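Undergrad: Sharing an experimental structure here, sequence included.
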Amino acid sequence: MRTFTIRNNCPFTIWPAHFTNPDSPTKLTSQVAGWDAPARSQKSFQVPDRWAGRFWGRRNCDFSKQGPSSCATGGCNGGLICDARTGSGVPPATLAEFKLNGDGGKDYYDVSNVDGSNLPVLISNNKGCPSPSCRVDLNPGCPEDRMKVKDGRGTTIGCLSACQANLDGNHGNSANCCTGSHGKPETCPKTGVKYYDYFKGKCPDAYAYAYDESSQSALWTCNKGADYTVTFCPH
């Protein structure tokens, strides 16, 4: 067992969630896959070796609405508790991804804004291993109206990737999504992904297009049996 701590340092309530990869050898059963996290709170729980999955934070949730529409960002099938099979968060949702006890006996983790961003996130550990983060707020500078997810007051609370905002109007043949004629690394250069420089400039650690993980995953590993903390709105 590892101990994971999910900490909300934001000045507002968020609703964290988790989802387990379909090919994860082990299941996360100590903590249900969604909860209310008041400002300045945490939830800690045990996670088995070899677990692979992701955490994220949802903003502006109202569970009188069913399905992903319950939350303004990161909503999932199941509502408060995200469904085990279909409960991945709808973009934009900054992810803290983990593959424990992977290749070479190492843990692999990362912060991912590939599909967009909604909250600053830090992944820390108790073993001195690399600690990726996106600490700055990407919402105020979200570069185009179609990428903005706004609350009822007009404030940006999420910033979709160019792919998820459908800027090119062609999800099925997109140099932003890396699909169709652009569906492999050789045909989807990062220099062709619209607004990659915005996301990557503000948060170099975070993945920002389909093939960042292929290039950068070796930066974010630990083989020392670490406990992990995911902090939203870190210092």
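TA: Yes, it's here. Numbering: from 1, shown residues only.
Undergrad: For burial, what's the neighbour tally of residue 11?
TA: Neighbourhood size, residue 11 [other C-beta atoms under 10 Å]: 8. For every residue, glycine as well, the C-beta is placed using N, CA and C.
Undergrad: what's the residue lying closest to it once chain neighbours are set aside in contact with, if anything?
TA: Excluding the flanking residues, the one nearest residue 11 by C-beta to C-beta, 6 or more residues apart in numbering is residue 39, at 5.3 Å. By C-beta atoms under 8 Å, 6 or more residues apart in numbering, the contact set of residue 39 is 8, 10, 11, 12, 13.
Undergrad: go on, residue 20?
TA: So residue 20 contacts 27, 28, 51, 52, 53, 84 (C-beta under 8 Å, 6+ apart).
Undergrad: Mind giving me the packing neighbours of the top strand by length along the chain?
TA: The longest strand of the chain (DSSP state E) is strand 52-61. Where contact means 3 or more C-beta pairs under 8 Å, 6 or more residues apart in numbering; DSSP states H and E, strand 52-61 is packed against strand 2-8, strand 15-20, strand 71-73, strand 95-99, strand 156-160.
Undergrad: Buried residues of the third one, list them for me.
TA: What it means is strand 71-73. 71, 72, 73 (16 or more other C-beta atoms under 10 Å).
Undergrad: and of the contacts of residue 20, the nearest to residue 116?
TA: residue 53 (19.2 Å; C-beta to C-beta).
Undergrad: ok, for the closest one, nearest residue in space, not its chain neighbours?
TA: The shortest distance from residue 53 to any residue other than its chain neighbours is 4.1 Å, reached at residue 20 (C-beta to C-beta, 6+ apart).
Undergrad: Kindly report the same for residue 156.
TA: residue 139 (4.3 Å).
Undergrad: That neighbour: neighbouring residues, count only.
TA: 19.
Undergrad: show me what contacts it?
TA: Here residue 139 is in contact with 117, 118, 148, 155, 156, 157, 158, 159 (C-beta under 8 Å, 6+ apart).
Undergrad: of those residues, buried ones?
TA: 117, 118, 148, 156, 157, 158, 159.
Undergrad: State the next helix or strand along the chain beyond the longest helix along the chain.
TA: As assigned by DSSP state H, the longest helix anywhere in the chain is helix 196-202. Going down the chain from helix 196-202, the next helix or strand is helix 212-216, by DSSP states H and E.
Undergrad: Can you get me the centre-to-centre distance for that next one and its chain?
TA: Relative to the centre of its chain, helix 212-216 is centred 15 Å away, using C-alpha atoms, centre = their mean, to the nearest Å.
Undergrad: returning to that earlier point: please check the contacts of residue 20 and keep the buried ones.
TA: 28, 51, 52, 53.
Undergrad: any idea how far the residue lying farthest from the centre of the chain lies from residue 173?
TA: Largest separation from the mean C-alpha position in the chain: residue 181, at 26.5 Å (C-alpha atoms, centre = their mean). Residue 181 is 6 Å from residue 173, where distance means C-beta to C-beta, to the nearest Å.
Undergrad: go on, residue 207?
TA: 22 Å.
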